[PDB]
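Down below is the structure, laid out as structure tokens.
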Amino acid sequence: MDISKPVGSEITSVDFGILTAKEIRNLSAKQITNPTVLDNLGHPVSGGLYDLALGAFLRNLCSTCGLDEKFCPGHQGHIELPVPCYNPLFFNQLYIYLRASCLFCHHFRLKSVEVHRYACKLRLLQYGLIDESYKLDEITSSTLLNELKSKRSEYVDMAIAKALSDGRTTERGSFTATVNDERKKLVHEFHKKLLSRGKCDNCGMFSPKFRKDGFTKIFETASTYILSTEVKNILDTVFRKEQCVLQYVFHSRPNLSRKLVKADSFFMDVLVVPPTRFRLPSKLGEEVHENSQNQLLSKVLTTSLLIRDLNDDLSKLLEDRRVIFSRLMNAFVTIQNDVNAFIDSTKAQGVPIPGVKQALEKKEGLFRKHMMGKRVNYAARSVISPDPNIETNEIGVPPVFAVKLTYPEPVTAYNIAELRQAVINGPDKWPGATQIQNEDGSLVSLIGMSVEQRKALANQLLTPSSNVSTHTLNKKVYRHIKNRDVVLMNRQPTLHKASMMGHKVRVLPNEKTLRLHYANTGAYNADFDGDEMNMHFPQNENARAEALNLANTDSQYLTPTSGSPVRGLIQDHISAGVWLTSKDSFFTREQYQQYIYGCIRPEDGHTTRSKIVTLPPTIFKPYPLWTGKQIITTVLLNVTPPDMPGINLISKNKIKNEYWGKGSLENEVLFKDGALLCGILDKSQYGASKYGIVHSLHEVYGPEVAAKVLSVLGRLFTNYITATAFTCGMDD
Amino acid sequence: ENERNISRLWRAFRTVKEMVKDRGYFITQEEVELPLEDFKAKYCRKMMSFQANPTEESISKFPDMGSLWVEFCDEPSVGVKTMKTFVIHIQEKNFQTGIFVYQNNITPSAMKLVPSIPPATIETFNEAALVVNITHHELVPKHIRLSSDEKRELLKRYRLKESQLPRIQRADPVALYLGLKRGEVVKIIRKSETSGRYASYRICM
Amino acid sequence: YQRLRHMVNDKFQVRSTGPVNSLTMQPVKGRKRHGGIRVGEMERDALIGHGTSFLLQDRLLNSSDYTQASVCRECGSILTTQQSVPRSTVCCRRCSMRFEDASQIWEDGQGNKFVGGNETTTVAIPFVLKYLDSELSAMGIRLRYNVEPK
Amino acid sequence: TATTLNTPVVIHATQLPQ
Amino acid sequence: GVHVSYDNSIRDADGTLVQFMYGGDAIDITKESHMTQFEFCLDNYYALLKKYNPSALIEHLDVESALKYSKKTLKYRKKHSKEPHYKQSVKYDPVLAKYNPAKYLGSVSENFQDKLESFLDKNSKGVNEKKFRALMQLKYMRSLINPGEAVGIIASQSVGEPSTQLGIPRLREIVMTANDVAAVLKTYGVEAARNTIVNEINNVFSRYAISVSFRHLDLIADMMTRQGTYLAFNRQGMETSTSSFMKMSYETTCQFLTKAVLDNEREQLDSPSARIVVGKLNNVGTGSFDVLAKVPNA
Amino acid sequence: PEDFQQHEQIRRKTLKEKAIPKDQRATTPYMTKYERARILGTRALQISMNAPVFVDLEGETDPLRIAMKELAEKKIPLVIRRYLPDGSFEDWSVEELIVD
Amino acid sequence: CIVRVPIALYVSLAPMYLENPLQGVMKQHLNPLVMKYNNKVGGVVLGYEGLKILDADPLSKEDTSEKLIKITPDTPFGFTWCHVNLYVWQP
Amino acid sequence: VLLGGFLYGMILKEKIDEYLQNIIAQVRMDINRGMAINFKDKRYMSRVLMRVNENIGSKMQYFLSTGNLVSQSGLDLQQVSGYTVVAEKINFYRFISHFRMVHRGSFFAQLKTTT
DNA sequence: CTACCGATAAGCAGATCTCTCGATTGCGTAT
DNA sequence: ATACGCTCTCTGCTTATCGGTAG
RNA sequence: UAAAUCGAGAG
Ligand SMILES: [Zn+2]
Ligand SMILES: [Zn+2]
Ligand SMILES: [Zn+2]
């Protein structure tokens, strides 16, 4: 998607309607005749499944449009079926409305009073007046039935008029979940009781019971087969008589189009062949395996030719008629089953080739594999390796990714300082550009170019447009993913939303693995024993905004499962805390100052004073000493914003008051006015624990200050463990 | 079990009296807390039949709320002979609403006279379903019908269409207890664990 | 100590513009073919959960199979329009009529000249929508997509 | 040429010609 | 599609209102952590007061009316609660039902206000009581879930992800495959069914000692029971839904496509599933509003 | 030219019916997280395509940084349109909104 | 045979023209509409006049110097209606 | 434990049974085609044999290169696929492990009850 | 007396995370 | 030598044959 | 250039 190509029209909604035979024959670019895909010598056989006029095919200008293989969208053709056959989608609908009728009166076997009652109830549900219809039922010789029907009609029309005049329902109905529920219940009861009529009510003469042994065939009993054209004509007559009653069973919003619903929709008068573009042959080096859809259409075309020939033989004219009639009937049945197979691959009789329904039904179908979860562009995957010195809101992109992934930045008067030198760099000299998308939309390439010509191109990035029509737009440079950009990092499986965060990218110089800070371990539930995860690189500013602000790693400190935190340093830093903030921890002036500058380097903005401040030594004589408590205190004092007091907090940790000696008070932690005066930092303080110091900093100074505190605490505990080890042994 | 049947009958009568009071009809706690001796000395089932009327406050809130008649059958079963008798009785005193009680079962022939005479709605109840009041259980919150002014205000507050609200099926035990009608929105007071008491709603359908 | 055979030179991949599954126009599947990565249901639901609407619309639509397809305004179909051979515009087929029954006349490469049907405009959609349109019109189901600015 | 950047999406006549 | 509207009422994509107040108080669980940590709030009173800066948060917010009504209902409630819950005629709504917590200061829930009052009535201790309650109520005003939050997605993740760690089959007996909800619904009605659903979908989580916020269990139960019945989370429940494309994209695509096309169903493309299928922006969060630019010339 | 006029008139009449008047709206006066994110993204896009520059450029090149600088001084010339479920919309200018 | 035809188009405005939206619509669409035959009008457009931008807020005075212009979601472009009378020449 | 040598013998036996059945069906086709046969002539024996599939070895090679058991007669095995394991030979541990592993069956992999 | 509505008893349909490799992809017959 | 004929689960719904009740 | 089925693995 290009931001410089604006789209005005938008799809408000779509509606699911049956396509009719007459409509198809008007749109089609051609109807196909022969069941041969393509003749020898390599050209496609005119009139076959492929054709010049069904879409440009393998270096053959399309006849329908006149454009090449890339610039031909494809055009739709149709197959003239000699006879109308069942549509397997609607066979249960056709088989419910095939029964429940009197074949003589050509009404339903239900008394027209009940039929009209259901019609008006469903018309009231068309407009949402659900309770009004329940009173419509509260209305209780043949010439009086006409008056009863007229009274119900007046009642319904007047209720509709009042609701529309009351500002309660517009001209397009009011359809919602509850009204849908009652409509479904009403229709299901309608059908359940509509088959309860074994004897007609308009003219009480019995009718045969239609018995279907399986799809593609329906049998009558007083056994006898019934042709499909008979079923079509029967239900055509029934629908003609009861068009007013089925107009409200096959509709939910007011049919403002007022187009009559037929029985032609229930039958396959024509099959539709998608453009050739959608049945291109499986090409595998030399192997060419034609489409299963092409094979099924070839089979249906073969059956069409055979049944047409049998019909013609019968037309050119006893016993010969008997055998030709048996063969014609079998041709009918076989083409019916072949159409049923071209649509559905499980109703057939005969492992079977996938049908067009089978491209949708379950997972790996067109819904749960190419619409819900697609396969994305401008993304990368790798294996994660840990890396402190990464700010807990950053991710370390390897140079390979840092040179492949790109972003289209449009050139302005203020950007040509850096995009010009990015073009000068080239596609390999990081940072740099890999493409220039011009005003005309042309994508000038830089991969195969010389540095001299690259600089020459750079000298014309921000030129005026000599095109009257493109004066609005400007050139874009596909710059490499710089240090300022944002990346949506996810690690499958995504059991919760916090597992797909947005990090700021740091372009590491060395190795091919996504280097990620330790804090996010619980957030992704990740390890580093070869865990793989993916980085998605958004391509427009509006997408950058959400990962930078809404899904930003700072914004993700508390999981909404309980509001608890799922950040905090994990394994080494916790034990470094149990040791560094001990009473035994005393630090000379040099050691303490190095520890403080080792993590709060004020050359990028670690501390909020622009000149490090120290703390008076805890033990003055004999020589100036310090404590780890003071280390935590001065780290907090440096990271915390100025013109604001320090934190006050009382809490506990997991280490009892017996594991420190008699009369000890290290188990209870106390921060007073931004100074650590008692207690040892633990898992409870920083880690996956609630109400600790880092949680309190989050709640008081904001989430960003808590993120900076996590980075500095990690860096400090690391620099302290790289100057003082911590090991498990066999004596332990 | 004659004494036990009398005890269950008195308990059901108390629950029915309370249910009548809940809908907004003239009953007091002195009538409601009618002890077992009171029930024996006043009714020891056609003698248990009675009439109730709205209070002045209920009339102000519900202008169209009419009289109510409560009945108790004698035979453990009810047929169209009694049901038509009850419909004729409703038409005799022109009650707006009426309710019915059966001991063992009611025939569909009797049920065939439920929507017989609208808008004079007539309801129907058992005795065992009313041995224990359902609304006294801890789990069920309090339900309150809203006057059409209150319902209209509720719909305009959220700009809702009528059916877009959460639904309560008309066959819900609460709806039967409170005699709800389709389109009558109910305000429910839920005592939440995370927010205490708060007001939700349900449209009866 | 043992060196296991799960090295990084086998398990790192980075995707940009390139090969696409031509029937559904989403990038091909495979490390060897330089194919993209799946953003499945569990990733889409998480992306929605953060409230990230533009992010999800960029991962799901703008990057994989975004296409500016012409749609006829009146008939509401995508795969019905076509280009017109000059003697240069876009016209429709379903709601255009043959010139035998009738300026606004446009001709195909077959020479069959039609009139009308010039009520079409651009709509940005996933290509898989067009493919579902085809695989539904094969079954006889017609999806009519009414544009907003009629 | 002749895209949404350079041509109106829908151009109607408000009334009859005058 | 179940998100937070601008009435602070949670509803589907189409609009079928699911609940009127998120959890009954509309408090974001990501901002609920230190709302009842009163001692912490008082100790760091100056830092919090600096962070909220009520200087520019009063020129467009009403205080007096909401505080008055909160006091009145607090007094009325203290007048009551001698009797059980059914007899407790309201006569007075909770402040959240009447007043918008994000527009009127002091519009706070009953349990929160009662616990704050208990704290201020057991701890009589430069900070006064009125300024402390002003700061706490402003903090509550800032601890409300923003409009347009995918509370359905968050609830689903927060009930499914922790379920990874009786147990999962019990969940399947309550969420997916219909003490017993059926008995309590057939005897005591729909609200008793909702309470039973929440209680049983909680105590299984409790036995695993996972803290599960009731703003999720309430949303789940109020989506299941939206029809007055015990709609489980299977294809039977989904059948009663306005948008076709969601149902087609879920499962049994054939049956739902038939049902969609036989009714000529015109789905309005509001569900998250549908808007992707047709290429439009989503209806949760960033897409839950438009943006229009003011231009100077006329 | 006459059915078109009816179409336009019905469009604008339903538009005015939905549009809540300025002095009646009851939405939260803060600029929520989603609104802030979308405003920043949209104004950044505009800046990239040579939109007007109000706030001074202290060497910034990331358009999201220029958008943040505009949001700091509330110079962003956009308008949120919060939609109610019914379809009724309340327009809030960026300036009227109090962020955090 | 010069006819004044009042048209009502749906034009799209660039970010660079938020300062002069009237001149923006004139430079983007109306200027690419002069002297060219138009089938949607009927003749050949000699000129334009009375360019008037509609509003996205119905509650604004007819002379509100600032009108809301809806912004397309994916792009930084605005799309809005404009009523304008063209002096067309029809043979 | 079925060792895969006994399985090999079993599938070989079934294949040669299929061979005999194919030549008998060839005889049947010749009998019901116009006869012109004489069962005691080497010419006719060479005529019937040379038209039928004697390539039993390639069917064993198929069972090895794909692992799919094509059994005209239903066997006493409860599965039909996944019988040949590629000896990857990355370690002698991998390779020597190939030859000591039983498998319950590709039937039991897709099952719910974990007893 | 028969017709209509329930009611289990039986039969039936659809379901129960991303990623990398490898190999293989039809007999059979009448010309 | 090759082209053309092809016997391991769980939730519902739907169909079905035996009961009465009421004119 | 595909797409399926079987097998081997990573988390
Ligand atoms: Zn073409
Ligand atoms: Zn008849
Ligand atoms: Zn058209």
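Quick note on naming: the chains in the structure tokens go A, B, ... in the order shown, residues restart at 1 in each chain, and ligands are numbered from 1 in order of appearance.
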
Which chains and residue numbers are within 12 Å of ligand 1, counting only C-alpha atoms (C1' of nucleotides) and all ligand atoms, if I want them as a PDB file with N, CA, C and O atoms, in the first residue's frame?
ATOM      1  N   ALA A  29     -17.505 -13.145 -21.237  1.00  0.00           N
ATOM      2  CA  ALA A  29     -16.697 -12.808 -22.401  1.00  0.00           C
ATOM      3  C   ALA A  29     -16.762 -13.889 -23.468  1.00  0.00           C
ATOM      4  O   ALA A  29     -16.542 -13.602 -24.650  1.00  0.00           O
ATOM      5  N   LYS A  30     -17.050 -15.126 -23.068  1.00  0.00           N
ATOM      6  CA  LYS A  30     -17.214 -16.239 -23.990  1.00  0.00           C
ATOM      7  C   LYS A  30     -17.839 -17.397 -23.234  1.00  0.00           C
ATOM      8  O   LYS A  30     -17.693 -17.503 -22.014  1.00  0.00           O
ATOM      9  N   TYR A  50      -9.127 -22.855 -21.131  1.00  0.00           N
ATOM     10  CA  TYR A  50      -8.340 -21.671 -21.414  1.00  0.00           C
ATOM     11  C   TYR A  50      -8.822 -21.053 -22.714  1.00  0.00           C
ATOM     12  O   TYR A  50      -9.511 -21.692 -23.511  1.00  0.00           O
ATOM     13  N   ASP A  51      -8.453 -19.794 -22.921  1.00  0.00           N
ATOM     14  CA  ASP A  51      -8.746 -19.083 -24.157  1.00  0.00           C
ATOM     15  C   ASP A  51      -8.098 -17.712 -24.069  1.00  0.00           C
ATOM     16  O   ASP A  51      -7.751 -17.243 -22.984  1.00  0.00           O
ATOM     17  N   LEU A  52      -7.932 -17.079 -25.227  1.00  0.00           N
ATOM     18  CA  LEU A  52      -7.482 -15.694 -25.237  1.00  0.00           C
ATOM     19  C   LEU A  52      -8.479 -14.783 -24.537  1.00  0.00           C
ATOM     20  O   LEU A  52      -8.086 -13.772 -23.949  1.00  0.00           O
ATOM     21  N   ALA A  53      -9.766 -15.111 -24.593  1.00  0.00           N
ATOM     22  CA  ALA A  53     -10.797 -14.210 -24.098  1.00  0.00           C
ATOM     23  C   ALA A  53     -11.243 -14.523 -22.675  1.00  0.00           C
ATOM     24  O   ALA A  53     -12.162 -13.869 -22.175  1.00  0.00           O
ATOM     25  N   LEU A  54     -10.630 -15.500 -22.015  1.00  0.00           N
ATOM     26  CA  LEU A  54     -10.833 -15.724 -20.592  1.00  0.00           C
ATOM     27  C   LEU A  54      -9.679 -15.202 -19.756  1.00  0.00           C
ATOM     28  O   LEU A  54      -9.532 -15.602 -18.599  1.00  0.00           O
ATOM     29  N   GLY A  55      -8.852 -14.330 -20.316  1.00  0.00           N
ATOM     30  CA  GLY A  55      -7.686 -13.848 -19.613  1.00  0.00           C
ATOM     31  C   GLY A  55      -6.411 -14.195 -20.344  1.00  0.00           C
ATOM     32  O   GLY A  55      -6.287 -15.290 -20.895  1.00  0.00           O
ATOM     33  N   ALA A  56      -5.465 -13.263 -20.369  1.00  0.00           N
ATOM     34  CA  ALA A  56      -4.193 -13.502 -21.034  1.00  0.00           C
ATOM     35  C   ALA A  56      -3.503 -14.704 -20.412  1.00  0.00           C
ATOM     36  O   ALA A  56      -3.414 -14.817 -19.187  1.00  0.00           O
ATOM     37  N   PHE A  57      -3.015 -15.605 -21.257  1.00  0.00           N
ATOM     38  CA  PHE A  57      -2.512 -16.897 -20.806  1.00  0.00           C
ATOM     39  C   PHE A  57      -1.127 -17.142 -21.384  1.00  0.00           C
ATOM     40  O   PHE A  57      -0.993 -17.426 -22.578  1.00  0.00           O
ATOM     41  N   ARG A  59       1.939 -15.578 -22.086  1.00  0.00           N
ATOM     42  CA  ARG A  59       2.386 -14.783 -23.230  1.00  0.00           C
ATOM     43  C   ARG A  59       1.404 -14.916 -24.394  1.00  0.00           C
ATOM     44  O   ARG A  59       1.731 -15.400 -25.478  1.00  0.00           O
ATOM     45  N   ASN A  60       0.175 -14.484 -24.132  1.00  0.00           N
ATOM     46  CA  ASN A  60      -0.876 -14.431 -25.143  1.00  0.00           C
ATOM     47  C   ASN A  60      -1.795 -13.278 -24.772  1.00  0.00           C
ATOM     48  O   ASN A  60      -2.531 -13.378 -23.788  1.00  0.00           O
ATOM     49  N   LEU A  61      -1.754 -12.197 -25.549  1.00  0.00           N
ATOM     50  CA  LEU A  61      -2.559 -11.026 -25.229  1.00  0.00           C
ATOM     51  C   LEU A  61      -4.029 -11.406 -25.151  1.00  0.00           C
ATOM     52  O   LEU A  61      -4.570 -12.029 -26.068  1.00  0.00           O
ATOM     53  N   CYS A  62      -4.675 -11.029 -24.051  1.00  0.00           N
ATOM     54  CA  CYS A  62      -6.069 -11.394 -23.838  1.00  0.00           C
ATOM     55  C   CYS A  62      -6.959 -10.745 -24.888  1.00  0.00           C
ATOM     56  O   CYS A  62      -6.841  -9.548 -25.165  1.00  0.00           O
ATOM     57  N   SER A  63      -7.855 -11.544 -25.471  1.00  0.00           N
ATOM     58  CA  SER A  63      -8.760 -11.023 -26.488  1.00  0.00           C
ATOM     59  C   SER A  63      -9.810 -10.102 -25.882  1.00  0.00           C
ATOM     60  O   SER A  63     -10.180  -9.092 -26.492  1.00  0.00           O
ATOM     61  N   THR A  64     -10.303 -10.436 -24.685  1.00  0.00           N
ATOM     62  CA  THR A  64     -11.386  -9.664 -24.084  1.00  0.00           C
ATOM     63  C   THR A  64     -10.970  -8.227 -23.811  1.00  0.00           C
ATOM     64  O   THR A  64     -11.728  -7.292 -24.088  1.00  0.00           O
ATOM     65  N   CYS A  65      -9.774  -8.026 -23.265  1.00  0.00           N
ATOM     66  CA  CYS A  65      -9.344  -6.702 -22.836  1.00  0.00           C
ATOM     67  C   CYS A  65      -8.273  -6.094 -23.731  1.00  0.00           C
ATOM     68  O   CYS A  65      -8.293  -4.884 -23.971  1.00  0.00           O
ATOM     69  N   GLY A  66      -7.342  -6.897 -24.236  1.00  0.00           N
ATOM     70  CA  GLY A  66      -6.253  -6.374 -25.036  1.00  0.00           C
ATOM     71  C   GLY A  66      -5.011  -6.007 -24.262  1.00  0.00           C
ATOM     72  O   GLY A  66      -4.222  -5.187 -24.742  1.00  0.00           O
ATOM     73  N   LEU A  67      -4.815  -6.573 -23.075  1.00  0.00           N
ATOM     74  CA  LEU A  67      -3.669  -6.269 -22.236  1.00  0.00           C
ATOM     75  C   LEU A  67      -2.925  -7.548 -21.883  1.00  0.00           C
ATOM     76  O   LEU A  67      -3.457  -8.656 -21.985  1.00  0.00           O
ATOM     77  N   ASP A  68      -1.685  -7.374 -21.445  1.00  0.00           N
ATOM     78  CA  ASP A  68      -0.747  -8.476 -21.281  1.00  0.00           C
ATOM     79  C   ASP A  68      -1.141  -9.337 -20.077  1.00  0.00           C
ATOM     80  O   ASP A  68      -2.181  -9.143 -19.444  1.00  0.00           O
ATOM     81  N   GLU A  69      -0.294 -10.316 -19.756  1.00  0.00           N
ATOM     82  CA  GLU A  69      -0.593 -11.235 -18.661  1.00  0.00           C
ATOM     83  C   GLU A  69      -0.673 -10.508 -17.325  1.00  0.00           C
ATOM     84  O   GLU A  69      -1.487 -10.861 -16.463  1.00  0.00           O
ATOM     85  N   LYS A  70       0.180  -9.503 -17.124  1.00  0.00           N
ATOM     86  CA  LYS A  70       0.170  -8.773 -15.862  1.00  0.00           C
ATOM     87  C   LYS A  70      -0.994  -7.796 -15.784  1.00  0.00           C
ATOM     88  O   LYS A  70      -1.592  -7.620 -14.717  1.00  0.00           O
ATOM     89  N   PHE A  71      -1.336  -7.162 -16.901  1.00  0.00           N
ATOM     90  CA  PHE A  71      -2.320  -6.090 -16.919  1.00  0.00           C
ATOM     91  C   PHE A  71      -3.700  -6.563 -17.357  1.00  0.00           C
ATOM     92  O   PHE A  71      -4.569  -5.733 -17.639  1.00  0.00           O
ATOM     93  N   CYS A  72      -3.915  -7.875 -17.434  1.00  0.00           N
ATOM     94  CA  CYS A  72      -5.245  -8.420 -17.650  1.00  0.00           C
ATOM     95  C   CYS A  72      -5.770  -8.956 -16.331  1.00  0.00           C
ATOM     96  O   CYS A  72      -5.229  -9.947 -15.819  1.00  0.00           O
ATOM     97  N   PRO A  73      -6.806  -8.353 -15.746  1.00  0.00           N
ATOM     98  CA  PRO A  73      -7.334  -8.876 -14.480  1.00  0.00           C
ATOM     99  C   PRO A  73      -7.920 -10.261 -14.607  1.00  0.00           C
ATOM    100  O   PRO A  73      -8.078 -10.946 -13.591  1.00  0.00           O
ATOM    101  N   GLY A  74      -8.234 -10.693 -15.810  1.00  0.00           N
ATOM    102  CA  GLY A  74      -8.988 -11.908 -16.004  1.00  0.00           C
ATOM    103  C   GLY A  74     -10.463 -11.612 -16.181  1.00  0.00           C
ATOM    104  O   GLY A  74     -11.019 -10.686 -15.581  1.00  0.00           O
ATOM    105  N   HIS A  75     -11.111 -12.407 -17.019  1.00  0.00           N
ATOM    106  CA  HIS A  75     -12.507 -12.210 -17.363  1.00  0.00           C
ATOM    107  C   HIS A  75     -13.244 -13.527 -17.207  1.00  0.00           C
ATOM    108  O   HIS A  75     -12.659 -14.603 -17.336  1.00  0.00           O
ATOM    109  N   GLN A  76     -14.530 -13.437 -16.917  1.00  0.00           N
ATOM    110  CA  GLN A  76     -15.300 -14.598 -16.511  1.00  0.00           C
ATOM    111  C   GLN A  76     -16.101 -15.136 -17.686  1.00  0.00           C
ATOM    112  O   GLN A  76     -16.768 -14.382 -18.396  1.00  0.00           O
ATOM    113  N   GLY A  77     -16.015 -16.449 -17.893  1.00  0.00           N
ATOM    114  CA  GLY A  77     -16.807 -17.136 -18.884  1.00  0.00           C
ATOM    115  C   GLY A  77     -17.833 -18.041 -18.225  1.00  0.00           C
ATOM    116  O   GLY A  77     -17.891 -18.172 -17.000  1.00  0.00           O
ATOM    117  N   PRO A 275     -11.860 -16.723 -14.363  1.00  0.00           N
ATOM    118  CA  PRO A 275     -10.868 -16.367 -15.381  1.00  0.00           C
ATOM    119  C   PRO A 275      -9.699 -17.335 -15.344  1.00  0.00           C
ATOM    120  O   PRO A 275      -9.426 -17.978 -14.329  1.00  0.00           O
ATOM    121  N   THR A 276      -9.015 -17.456 -16.484  1.00  0.00           N
ATOM    122  CA  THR A 276      -7.919 -18.416 -16.566  1.00  0.00           C
ATOM    123  C   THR A 276      -6.874 -18.146 -15.495  1.00  0.00           C
ATOM    124  O   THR A 276      -6.219 -19.078 -15.015  1.00  0.00           O
ATOM    125  N   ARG A 277      -6.769 -16.889 -15.059  1.00  0.00           N
ATOM    126  CA  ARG A 277      -5.795 -16.493 -14.051  1.00  0.00           C
ATOM    127  C   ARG A 277      -5.947 -17.300 -12.770  1.00  0.00           C
ATOM    128  O   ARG A 277      -4.984 -17.445 -12.011  1.00  0.00           O
TER     129      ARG A 277
ATOM    130  N   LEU C  79     -15.026  -8.327 -10.274  1.00  0.00           N
ATOM    131  CA  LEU C  79     -14.440  -9.079 -11.376  1.00  0.00           C
ATOM    132  C   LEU C  79     -15.254  -8.983 -12.655  1.00  0.00           C
ATOM    133  O   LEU C  79     -15.191  -9.888 -13.493  1.00  0.00           O
ATOM    134  N   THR C  80     -16.022  -7.913 -12.826  1.00  0.00           N
ATOM    135  CA  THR C  80     -16.827  -7.735 -14.024  1.00  0.00           C
ATOM    136  C   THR C  80     -16.289  -6.681 -14.970  1.00  0.00           C
ATOM    137  O   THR C  80     -16.451  -6.821 -16.178  1.00  0.00           O
ATOM    138  N   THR C  81     -15.632  -5.647 -14.459  1.00  0.00           N
ATOM    139  CA  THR C  81     -15.156  -4.573 -15.314  1.00  0.00           C
ATOM    140  C   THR C  81     -13.969  -5.035 -16.156  1.00  0.00           C
ATOM    141  O   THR C  81     -13.431  -6.130 -15.981  1.00  0.00           O
ATOM    142  N   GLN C  82     -13.566  -4.178 -17.087  1.00  0.00           N
ATOM    143  CA  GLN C  82     -12.430  -4.454 -17.955  1.00  0.00           C
ATOM    144  C   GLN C  82     -11.919  -3.139 -18.519  1.00  0.00           C
ATOM    145  O   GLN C  82     -12.557  -2.094 -18.390  1.00  0.00           O
ATOM    146  N   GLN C  83     -10.752  -3.206 -19.147  1.00  0.00           N
ATOM    147  CA  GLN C  83     -10.258  -2.088 -19.930  1.00  0.00           C
ATOM    148  C   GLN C  83     -10.956  -2.050 -21.285  1.00  0.00           C
ATOM    149  O   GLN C  83     -11.577  -3.018 -21.727  1.00  0.00           O
ATOM    150  N   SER C  84     -10.845  -0.910 -21.955  1.00  0.00           N
ATOM    151  CA  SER C  84     -11.469  -0.717 -23.254  1.00  0.00           C
ATOM    152  C   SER C  84     -10.385  -0.473 -24.290  1.00  0.00           C
ATOM    153  O   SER C  84      -9.497   0.358 -24.080  1.00  0.00           O
ATOM    154  N   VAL C  85     -10.457  -1.199 -25.393  1.00  0.00           N
ATOM    155  CA  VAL C  85      -9.513  -0.970 -26.486  1.00  0.00           C
ATOM    156  C   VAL C  85      -9.827   0.371 -27.136  1.00  0.00           C
ATOM    157  O   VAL C  85     -10.997   0.642 -27.456  1.00  0.00           O
ATOM    158  N   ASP C 108     -14.213  -4.018 -27.366  1.00  0.00           N
ATOM    159  CA  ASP C 108     -13.264  -4.999 -26.859  1.00  0.00           C
ATOM    160  C   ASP C 108     -12.241  -5.343 -27.939  1.00  0.00           C
ATOM    161  O   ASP C 108     -12.198  -4.733 -29.010  1.00  0.00           O
ATOM    162  N   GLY C 109     -11.391  -6.335 -27.658  1.00  0.00           N
ATOM    163  CA  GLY C 109     -10.519  -6.872 -28.686  1.00  0.00           C
ATOM    164  C   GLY C 109     -11.206  -7.821 -29.640  1.00  0.00           C
ATOM    165  O   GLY C 109     -10.715  -8.031 -30.752  1.00  0.00           O
ATOM    166  N   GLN C 110     -12.331  -8.405 -29.224  1.00  0.00           N
ATOM    167  CA  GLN C 110     -13.156  -9.194 -30.125  1.00  0.00           C
ATOM    168  C   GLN C 110     -13.915  -8.330 -31.118  1.00  0.00           C
ATOM    169  O   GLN C 110     -14.431  -8.862 -32.105  1.00  0.00           O
TER     170      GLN C 110
END

Counting only C-alpha atoms (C1' of nucleotides) and all ligand atoms, name the residues that have an atom within 12 Å of an atom of ligand 3; the answer should be given as an NGL selection string. (:A and (23 or 26-27)) or (:C and (70-82 or 90-97 or 115-121 or 144-146))

Using backbone DSSP assignments, extract all strand (DSSP E) residues from stretch 58-90 of chain G; output them as a VMD selection string. chain G and resid 67 to 70 78 to 89

Pull the closest atom pair for each residue of chain C that gets at most 10 Å from chain F, along with the distance in Å to one decimal, counting only C-alpha atoms, ordering rows by chain and then ascending residue number, as CSV.
residue,atom,partner,partner_atom,distance
C:50,CA,F:34,CA,9.8
C:51,CA,F:34,CA,7.4
C:52,CA,F:34,CA,8.2
C:53,CA,F:34,CA,9.4
C:54,CA,F:38,CA,8.6
C:150,CA,F:7,CA,9.2
